[PDB]
Amino acid sequence: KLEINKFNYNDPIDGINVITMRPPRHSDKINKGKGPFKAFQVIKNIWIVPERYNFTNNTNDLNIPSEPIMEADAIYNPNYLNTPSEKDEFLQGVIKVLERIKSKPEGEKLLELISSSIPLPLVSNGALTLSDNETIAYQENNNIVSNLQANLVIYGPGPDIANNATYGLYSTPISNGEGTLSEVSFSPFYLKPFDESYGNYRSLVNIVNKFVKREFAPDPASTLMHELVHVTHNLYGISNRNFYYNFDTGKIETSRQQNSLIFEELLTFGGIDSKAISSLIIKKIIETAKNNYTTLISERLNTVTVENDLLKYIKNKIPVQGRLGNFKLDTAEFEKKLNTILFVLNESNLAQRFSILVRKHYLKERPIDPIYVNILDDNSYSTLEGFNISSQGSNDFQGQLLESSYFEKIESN
Ligand SMILES: [Zn+2]
């Protein structure tokens with residue numbers, strides 16, 4: 001069954017699970033000369049790179065922004081994650097969060113799905129053949145030693161050290177059914193609190209009604225699972241980032257409006273706000289994906305004349321019927337898989353299965369200053385229960401209360 005590879009940051013290069021990786025975005029001018037970076041294969045096709053994410057236009061500068069800040073709850077420190085000790089701490093934190101995710105069946109299945117769901121390769125000489133959309137390069141002394149399969153690369157945070165995000169490598173495959181390698185910027189130790197109503201906390205005696213809004217920290221396993229849901233959409237080539245859902249009208253629009261949310265985020269977060277999506281929207285989303293997949297099967301998959309391992313992996317990813325050269329989409333099985341990855345797989349549903357508290361709405365009503373927490377201390381955070389450790393009396397979400405001693409205040413200027 002699925003195993004997570006353990007590592008220390010100082011483990012030696014072996015060309016199997018420990019490499020020096022050339023950035024996937026190395027050809028962009030902003031990334032000239034960067035890397036390579038030490039990288040660790042935690043699960044087949046999933047790599048951890050203990051470096052700050054600085055490889056896109058909006059992440060290239062790790063300093064305090066030179067323009068009006070995006071988020072009032074951001075925290076900046078260009079020096080975070082530049083020492084070997086911080087890199088090992090980060091590596092251990094990501095491994096621990098992954099072990100937590102794997103500890104329940106829904107999380108194990110999500111990780112297995114990311115591991116196995118390679119992007120649809122290009123065809124060369126009749127064979128599915130790998131590209132940089134499905135691999136990372138092991139670079140040593142300005143030579144490429146090998147190209148190793150990768151569906152996901154997990155880095156540390158970008159400029160805001162308490163933010164988390166997912167980036168698909170190629171922008172047509174992210175949305176046309178092919179799929180694309182994804183990069184995630186993740187912060188296991190710097191967390192953004194949220195408000196939720198709750199009644200089991202120390203309260204002044206003169207307050208009659210105890211059930212009120214209280215501050216909580218998120219479980220970073222929920223935060224990572226949220227990004228892993230984006231990754232799954234990216235690997236299936238079904239991402240929905242140009243569409244906005246307008247809460248006032250219940251319709252999809254192609255530009256941001258007054259009371260709207262990016263549809264990709266509405267679905268990925270889930271919860272109450274996805275329960276009243278119209279049947280029209282759902283049918284359109286399914287038809288778009290079906291049409292994209294039907295086109296890829298006829299125009300690409302049916303040009304394959306060579307049965308290799310990549311074809312086996314693709315048949316496991318994409319439900320098809322028929323024989324070589326004459327495949328067809330297995331409509332019923334495709335619809336079932338698509339509806340799972342779009343409408344069942346989401347942060348709110350996963351959190352319920354892990355007894356993790358998440359906020360009610362993707363958009364927060366007010367910013368709360370980020371905190372630091374050392375999740376490597378098993379007395380604060382365990383792989384089996386997160387912060388909500390029963391033997392310490394912290395089950396039923398109590399361990400996520402922000403007043404808990406392990407949530408440490410950060411002073412920012
Ligand atoms: Zn998101």
Side-chain angles (χ1 to χ4, degrees), residues 2-9 40 42-43 46 48 50 73 75 80-81 85-108 110-111 154-157 161-164 184-196 198 200-202 214-229 347-348 350-359 368-410:
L2 171 59
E3 224 58 19
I4 287 170
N5 284 324
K6 294 175 182 302
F7 302 95
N8 297 326
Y9 191 74
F40 304 82
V42 63
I43 296 163
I46 304 178
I48 305 170
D73 57 8
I75 49 170
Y80 169 60
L81 204 52
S85 57
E86 287 195 323
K87 292 180 183 182
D88 189 56
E89 286 157 6
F90 176 83
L91 180 58
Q92 299 320 311
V94 180
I95 292 169
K96 188 174 186 173
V97 169
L98 286 168
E99 288 167 340
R100 173 146 171 69
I101 293 166
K102 197 186 74 73
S103 76
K104 306 265 192 226
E106 296 88 348
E108 183 178 16
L110 174 56
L111 292 172
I154 304 169
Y155 302 82
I161 66 172
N163 190 45
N164 304 268
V184 166
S185 57
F186 174 56
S187 192
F189 301 120
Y190 297 92
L191 315 182
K192 298 192 176 182
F194 64 92
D195 295 305
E196 183 54 81
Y198 196 69
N200 194 0
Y201 66 88
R202 175 189 184 187
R214 300 296 292 187
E215 295 176 334
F216 290 89
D219 187 323
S222 192
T223 306
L224 185 57
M225 285 189 286
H226 174 110
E227 301 310 321
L228 299 180
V229 174
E347 190 185 348
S348 291
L350 288 166
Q352 182 190 307
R353 300 306 308 163
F354 281 78
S355 306
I356 292 167
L357 186 63
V358 300
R359 65 193 184 277
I368 305 171
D369 290 343
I371 59 78
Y372 166 83
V373 52
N374 176 18
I375 64 162
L376 303 186
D377 185 341
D378 266 340
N379 292 312
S380 305
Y381 184 83
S382 73
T383 69
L384 293 178
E385 295 183 297
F387 298 114
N388 298 316
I389 299 172
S390 294
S391 67
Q392 299 171 16
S394 300
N395 50 292
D396 293 333
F397 312 136
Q398 207 172 48
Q400 290 175 253
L401 284 167
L402 194 63
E403 66 255 39
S404 304
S405 60
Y406 38 82
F407 300 125
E408 304 180 34
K409 301 320 179 229
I410 302 164

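One-based numbering along the sequence shown. All values below were derived from every heavy atom in this structure, side-chain atoms included, with hydrogens, water molecules and symmetry-related copies excluded.
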Handout entry: Residue pair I375 / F387, side-chain heavy-atom distance below 4.5 Å
Key = yes
Exercise for the section: Any chance you could measure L401, atom CG, to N200, atom CG, to the nearest 0.5 Å? Expected result: 8.0 Å
Practice task
Assess the pair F90 and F189: is the distance between their ring centroids shorter than 6.0 Å?
Solution key: no
Problem - Residues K104, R353; criterion side chain to side chain contact (heavy atoms under 4.5 Å, CB included); working and verdict - result: CA-CA 8 Å; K104 306 265 192 226; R353 300 306 308 163; 5.8 Å; no
Fill in the blank from the handout: Heavy atoms of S390 and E385 approach each other most closely as OG-OE2, 2.7 Å
Handout entry: Given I95, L91, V94, the one that forms side-chain contact (heavy atoms from CB on, under 4.5 Å) with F40
Key = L91
Completion exercise
Partner of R100 under side-chain contact (heavy atoms from CB on, under 4.5 Å), picked from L384, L224, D219, is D219
Handout entry: Validation row: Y381, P220 side chains within 4.5 angstrom (heavy atoms)
Key = yes
Problem - Check: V373 and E408 side chains under 4.5 Å, non-hydrogen atoms - result: no
Exercise for the section: Grab the two heavy atoms, one from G399 and one from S404, that are nearest each other, plus how far apart they are. Expected result: O-OG, 3.6 Å
Practice task
Could you tell me whether the side chain of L357 reaches within less than 4.5 Å of the side chain of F194, counting heavy atoms only?
Solution key: yes
Exercise for the section: For the pair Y198 and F397, name the ring-plane relationship: parallel under 30°, tilted 30 to 60°, perpendicular over 60°. Expected result: tilted
Exercise for the section: Quick one: do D369 and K409 satisfy side chain to side chain contact (heavy atoms under 4.5 Å, CB included)? Show the steps, please. Expected result: CA-CA 8 Å; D369 290 343; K409 301 320 179 229; over 6 Å; no
Handout entry: Closest non-hydrogen atom pair between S187 and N164, with its separation
Key = N-OD1, 2.9 Å
Problem - Separation between CD1 of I48 and CZ of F186, rounded to the nearest 0.5 Å - result: 9.5 Å
Problem - Gap between atom CZ of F354 and atom OG of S103 - 0.5 Å precision - result: 5.5 Å
Handout entry: Residue pair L228 / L350, side-chain heavy-atom distance below 4.5 Å
Key = no
Exercise for the section: Give the minimum heavy-atom separation between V97 and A221, together with the two atoms involved. Expected result: CG1-CA, 3.6 Å
Problem - Partners passing ring pair (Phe, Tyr, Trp, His ring centres under 6.0 Å) against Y201 (at least two apart in sequence or in another chain) - result: none
Problem - Nearest-0.5 Å distance, OH of residue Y190 to CD1 of residue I161 - result: 4.5 Å
Exercise for the section: Indicate whether any N or O donor in one side chain lies under 3.5 Å from an N or O acceptor in the other, for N388 and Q400. Expected result: yes
Practice task
Check step by step if side chain to side chain contact (heavy atoms under 4.5 Å, CB included) holds for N8 and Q92.
Solution key: CA-CA 8 Å; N8 297 326; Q92 299 320 311; 3.7 Å; yes
Fill in the blank from the handout: Output for pair (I389 CD1, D378 CG), nearest 0.5 Å, gives 7.5 Å
Practice task
Nearest 0.5 Å please: distance from the CG atom of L191 over to the CD1 atom of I368.
Solution key: 12.0 Å
